[PDB]
Each structure stands twice: as C-alpha cells, then as structure tokens.
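Laid out below as structure tokens are two forms of one and the same protein chain, each shown alone and named structure 1 and structure 2.
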Structure 1
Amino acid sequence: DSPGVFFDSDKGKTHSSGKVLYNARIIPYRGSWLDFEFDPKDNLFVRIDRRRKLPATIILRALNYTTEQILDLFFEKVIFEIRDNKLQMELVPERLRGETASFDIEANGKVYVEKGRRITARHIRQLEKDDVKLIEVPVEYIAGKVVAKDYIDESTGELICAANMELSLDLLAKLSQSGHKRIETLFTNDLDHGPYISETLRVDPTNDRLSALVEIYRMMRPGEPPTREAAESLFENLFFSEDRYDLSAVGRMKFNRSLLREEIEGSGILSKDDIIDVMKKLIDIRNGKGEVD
C-alpha cells in the first residue's frame, strides 16, 4: 500500500443481489486511515482507523456542519412559491431532461408539454429561449419532496419543520399558514442524482457537533467516559495534527491528482474540503459519473 486516495468496488461480489458496492480510502504516509463506503441500501458510511463503520455524515457534523449545511454541500435546490393561492415552481428547464410530464407544463398562456408526453431537448430549448422560470404545479406534486432547510414559526419560535423532513400536504398547509410562501426542497431522482446523503442523515443517530464528537470518541476509546476536551482533542489528532498525521508530499500529489486539482503542492494534514471532495467523488461514481481507479 502507498500513500494517496483510492476509489474501488467489490465488483458486485458480496451480496446475492450482485449490487456493486463502491468505496474510497485515504492512506497517509503515517497516521490513521479514513475510509468511505456504500451499503446495499445506498447509505454512506465512514470508517476511522479501520474500525466499525459509522453513518458518514457524523464526520461532517464533527467538522461543524449543520444538517442544512450538509444538504447544501450535496444537493441542488428546487424552490416552490405560494402565490395567488397556487403552488408555483421555479424552473430550471435542463432539470426536466429524461422525465415524462405528470402535468401540463405551461406558461404565459402557452402549453409547452402535455401531461402524457416525454420531455424533449427541443422542449427544453424552447423553455430556455422563452425564459420560462416559473410554472404552476398541482399541490400533490409537493408530496415526497424533501425540505432542504429548517422552517420556524417566527411568531412563536417553534420549529415547524426540520431540514431533511419529507414534505406532505399537511406540512405544506402548516408552512403556508405560518406565512412561509417560499419553500426549498432537494433536487434528486432515483437514477443519476441519488438521495444518498439525505437517507444517510436518517440513520445518523447524532444531531450536532458535540454528539458526533462523542460518538467518534466512544468508538475509538471503549471504557473511557468521555469529556469535552478529550473528544475534541482526539478528533483534532486523527487527521488535523502534524504530530500525528502526514499524507506526505507524494501522498498529497497523488491525492490532488485523483481529485483533478491543478496544484501538486499541499498540506501533510487533511482539510474539510479534502474530506468533502473525496465524498463527492465517491457519490459521482455511484451516480454513474466517472469510474473507479
């Protein structure tokens, strides 16, 4: 084994379904290994120092990302607006590619696509040329969408809905009756923009930075009741202390080249961006964009 980052799979030869399970591994010249891997349900996990796996979002929580901020890292957004007692959607026409309309795509009096037809590159071109950026949709279409952020009833301070909650008509009603006429949701599908990180959050037992740090600490140090300082320092010393971790120059060069970065020089320790970029490349591979080493 040599220092760098490595993207691999199991060649569909682990479970009966023959599902290909992808993984990524960061190997330093010295210090702890860091592994990311998919399970058969397409949830993502992290292994620190080769021990038992944890829902991958834990490491991002430990690096001070909220649920909302994690979703910002891994998903584009589809905005809905409530106006004229109608549900409207902000349209980026290219997002319609490969889909079949479930309702009349219409704007400015004109009907661009019928409720049955398959959406064409021509449809998309005309929509772009006419600068259609907003279309009415049925309320039913909001169902199953995933809300991208926390929404608060500002008159009471009550959390009306938490980031990553699935939308329903009842929730839409609550939001609307609380004065929220603009609602942000995740752009996903079941094909090449999978909701892996969103579903991973649902099996993540932690909910903030301290609980994530404690989950990691308990995993690394069985039998040691955790303290604040202990959990903080252990995490800092895994990947972010020159004393305890070094990718080495060779490792950094190979790491950066795998991520298609221009620079060859870099740090012996890891950054937040290093870790997130490795996660993003692994997710690309699962989504069919690019391939393993």
Structure 2
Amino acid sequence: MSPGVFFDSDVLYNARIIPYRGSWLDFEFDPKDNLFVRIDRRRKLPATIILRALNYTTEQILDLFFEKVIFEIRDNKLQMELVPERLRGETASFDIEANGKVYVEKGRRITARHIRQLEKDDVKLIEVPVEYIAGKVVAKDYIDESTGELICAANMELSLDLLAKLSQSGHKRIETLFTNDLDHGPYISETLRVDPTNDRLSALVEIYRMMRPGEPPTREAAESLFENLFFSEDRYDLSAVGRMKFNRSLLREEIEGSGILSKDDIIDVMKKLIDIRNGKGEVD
C-alpha cells in the first residue's frame, strides 16, 4: 500500500493514514455518528482516546471541535449571547426580544428578515427560558467558587437541577456547545460519552492494554509505547513521498516535513473527516 492519507466511505465516512514504516492510523464513523480510531488495524476505540493520549483535556477537546453558546445569569433571569445566524431554519420557542421590541413572537418561524433585523440593530443579548438552556451541553467544568465543590463537569448535559445549582453558586456565565442536527453535528461530544477513558494516563493505559494484553503497564511503559507509535522516526516514518501526499491532501503550503506525525496532523485529519460528515467538502 502506498503511503499517504485517504478519505473514503462505505453512508459511513472514514480516514486512513498509511506510513512507509509503522502502524496504520484509521478513523471511522459508526451508524450512530460516533467516531472511532484504529491503531495498527486493531479494534475500534472511541476516537477521543488518541487526543487524551496527546494531552488534551475534555475541555480542550470540546474547544477544538465546537463553537460556544454563552449564557448569562443576571437579575435572577437568564440571557443568551446571540449570534442571529444560529436561529436560521427554526421556529421561535419563546418571544425573541431586546430593548423593548419583540423581533420574533413565540411560535413564528424565524425568517431571513428576522435575522437581518436582529443583525441591523446589533442585538447580541436576549432573554431565554430555563428550559431552553436545559437542552444544552456544558463546555467546561464549574465549581462553586465559595465551597470549591464541583457543580458540573465538561460535556455534561444540563438539567433543571444543574441550572438551579449554577445560579445558586453565584456563576454569571455558562459556556455551552453550539451544535445542530445538520452541519454542526455533536459527534465529538457523543464520542466522549462512549470513550471509557477520562484523562491522559487512562488513555495511555488503554492503548497499552490493547497493543499488549496481559501485563498492566507502568506509567513509563505506557508513555513510551505511545511515543513510539507515531512520534519517533525509528519506529514510524511517512517517507518523504508520504509526507508530500499527506500535506497536499490537508492543504499544507509545503510538501517538505517530518516523517513522524504531529498532534496537528492527527487533529487535522479528524477535522477533515468531520467536515466531510457535516457536508462541507467530500471524500477523495
């Protein structure tokens, strides 16, 4: 097999990095839109494991793959920092209003004109009901900053209880994920849920168990094995030709580069694969 990177499908989309020397790296969607990785053509692992192994926290993972919807708690009411574009294609579930003007009545389909009216008047903050926020997925951990105790963790689905707790604790901003059911799908958020690993070490241990079943690894052994998979040229090389092909596929300006992979190489392949699923761009 010639070295390079490949984006294909079966519709279940996939990506594959074939090196000149070393382990293959595969990514693929399942029918539920969760994302999985294979190392050396071995069994599928929820794909976020490789990002954890590369030292990304859950919060950082969510920031790589999602825009944010910011809510504000104030006057014991709830507000949302509004990007009007995000309302496109929806029906209003509450009166969309600002500065004493109702722009969209509850139950009206939100039109291109409504969005333009909001944009023309620079409306960037609107009141929302608690039920609207309860749908959402929180983007970062929050503690009660007086007691120090955790209220919620990153990627948790919000609820009436958690919203009550967040409000009670004195928090005035809540960051959530922007997702939809079309071009901004929640794949990575859902993938974090099926991923049994929770941090870099547990990710490294899981990868080690998969490669070398039957002896639990030391921290040092797990770290070493992972570094040698894709990040040490004595064990992994994309050959110059491989790096050339890789870089052209991912739209790098230069065809020169390293035989080993970078975290950016891996992230960029995952991003492209996700783009394809979201419908921006196509397979090879």
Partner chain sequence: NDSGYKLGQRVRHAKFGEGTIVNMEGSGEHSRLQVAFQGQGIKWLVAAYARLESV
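Please note that residue numbering is based on structure 1, beginning with 1 at the start of its sequence. Here, rigid core means the biggest group of C-alpha atoms that superpose within 1.5 Å across both forms.
Just to confirm, one of these is the form deposited without its partner chain and one is not; which one is it? That would be structure 2.
Once the rigid core is superposed, exactly one of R182, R221, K133, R122 has its CA displaced by 2 Å or more between structures 1 and 2; which residue is that? It is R122; the other listed residues stay below 2 Å.
C-alpha positional change at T156 between structures 1 and 2 - rigid core reference, Å: Looking at the C-alpha of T156 between structures 1 and 2, the offset is 2.4 Å.
I need the CA movement of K110 between structures 1 and 2 once the rigid core is aligned, reported in Å. C-alpha shift for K110: 1.7 Å.
Once both forms share the same rigid core frame, by what distance in Å has the CA of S271 shifted between structures 1 and 2? For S271, the C-alpha ends up 0.5 Å from its position in the other form.
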